[PDB]
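Listed next as structure tokens is one chain, alone, in the form deposited in one PDB entry.
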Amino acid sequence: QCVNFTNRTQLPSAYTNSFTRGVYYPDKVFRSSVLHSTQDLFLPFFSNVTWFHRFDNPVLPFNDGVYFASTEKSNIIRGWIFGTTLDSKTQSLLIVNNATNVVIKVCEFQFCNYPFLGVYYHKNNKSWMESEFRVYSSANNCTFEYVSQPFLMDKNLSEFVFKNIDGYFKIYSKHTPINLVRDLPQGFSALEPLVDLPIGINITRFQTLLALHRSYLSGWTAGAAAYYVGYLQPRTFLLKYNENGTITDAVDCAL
């Protein structure tokens, strides 16, 4: 049930500073009171991160990995689409969050031109449901499914890092209270490892999923969501582990 929207416009995009955001734990090794230098796919410090304010969600490139950030409380952003051609010719990855759990699902999705999570009232079991047939017309030959606790939860900035390296799709995340909406915050906050998924697919493009609900007064009227997208680069960082094992500082060795 793909919903063709008329008068679709490009989403407004400014360019903001990343400061020292986007750092994650590169391994699952506990280190206490050390200075550890690692060379990995990191978001460079003070880089141009694109800030995206009826608007389209752009199918952005994936490059070597994607830093994603969002400051919202409306729960419009529900997940992401990953793949190369985003049709039923090659495989694709879909991450969908709702109020109870997260579904991560690799199939041969035939995605809609405008994919969105449709929130609609269901009269038979008497509550608002969410339809995944609004994002894809059909999913076939589906090789991976994974249901876990949702990671789009609590003013609070949500940060994610997505990598697709040597057969594994790695997601890192962090949720932090912030007191400003125009920019990314200063300070420093390392992203803890969230999931390592044995996917093994080709990913060159991605697209954010937004939740659109019916007005009940086209028919889907919901507010636009703003998110920050930056790109990782192969880069050497020096991370500072304090006595409890937390990355409390880092220096970018090419800055």
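Numbers for residues come from their place in the sequence shown, where the first is 1. Rigid core (definition): largest C-alpha set, two forms, superposition within 1.5 Å.
Below, we refer to the form deposited in another entry, which is not included among the displayed structures.
Novice: Which residue, 179, 141, 127, 100, is displaced 2 Å or more at the Cα between this form and the one not shown after superposing the core?
Specialist: The answer here is 127.
Novice: Closer or farther apart in the other entry, the C-alpha atoms of residue 127 and residue 100, for a change of 3 Å or more?
Specialist: Closer, not farther.
Novice: Between the shown chain and the other structure, the Cα gap of residue 128 to residue 135 differs by 3 Å or more. Is it closer or farther in the other entry?
Specialist: Compared with the shown chain, residue 128-residue 135 is farther in the other entry.
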